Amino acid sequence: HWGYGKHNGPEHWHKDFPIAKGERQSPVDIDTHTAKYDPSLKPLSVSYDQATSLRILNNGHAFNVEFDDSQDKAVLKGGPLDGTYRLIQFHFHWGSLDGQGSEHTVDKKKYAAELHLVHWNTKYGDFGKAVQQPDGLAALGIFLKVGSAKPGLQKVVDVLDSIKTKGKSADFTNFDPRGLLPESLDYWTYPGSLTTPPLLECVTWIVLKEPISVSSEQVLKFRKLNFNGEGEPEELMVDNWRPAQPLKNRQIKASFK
């Protein structure tokens, strides 16, 4: 099935998921000189104070930190969004080396990694229903560069040893995702898709301009994870990113001047 390997990687996905060649696929390159400031964007609201993390799972293509989304706790609203979007999980994409790993690019620059906080529109009742709607999901994307350590990431990095292989999970309660945000909430936004199969075109992307810094030691530990299951030939979980897709008939809007 699909993956990031030599023979099942992003260039192959269209065979099982024809929408891979669709009109609003993600990620994209953000051309900073062409993105236009949009005065109509309302302020972004990230309300994570009541966030309830539950578990961390290696799903064979990334690790997801999963949240309790049975009630309105951690929510994203404002910005380009109408209504309320509930946090369900976050995960990362990263490279084999610091010079690649992000999905979105900025003037073709690739960051070492990219964090995705995934939220679904409560007007559709559940995540499964939401992904079938053009405005079903809101994904907050945050770039990672290598430099100083990110204290708020360390609890994540330290549990990775316990979920090395596909299908392993671990209890992961009381994790505060506010510790992963940069100082500024300046952002770019555009209509897009899931970046993994089924690649559904249901996502409003909100990509923050300010990267967070993580340490070499921290990202090194991401790269010790495995795509494979327990006991199988070791394939390091690295370069689990989809490259930039054609922008087509879309405009990227900036929240800032």
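Position 1 is the first residue in the sequence shown; the rest follow in order.
Of the two segments, 25-33 and 212-220, the one listed with the higher mean B-factor is 212-220 (C-alpha atoms only).
When the two stretches 244-252 and 6-14 are set side by side, the higher mean Cα temperature factor goes to 6-14. The top Cα temperature factor in the record, among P39, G60, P197, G192, falls on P39. Based on the entry's C-alpha B-factors, the most elevated value among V159, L117, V131, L81 belongs to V159. Per-chain ranking of the deposited C-alpha B factor places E103 in the lowest third. Compared with the other modelled residues of the chain, the Cα B-factor recorded for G167 ranks in the middle third. Among the modelled residues of its chain, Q89 has a C-alpha B-factor that falls in the lowest third, as given in the PDB entry. Per the PDB record, residue ranking by Cα B-factor puts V75 in the highest third of the chain. In the PDB entry, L97 places in the highest third of its chain by CA B-factor.
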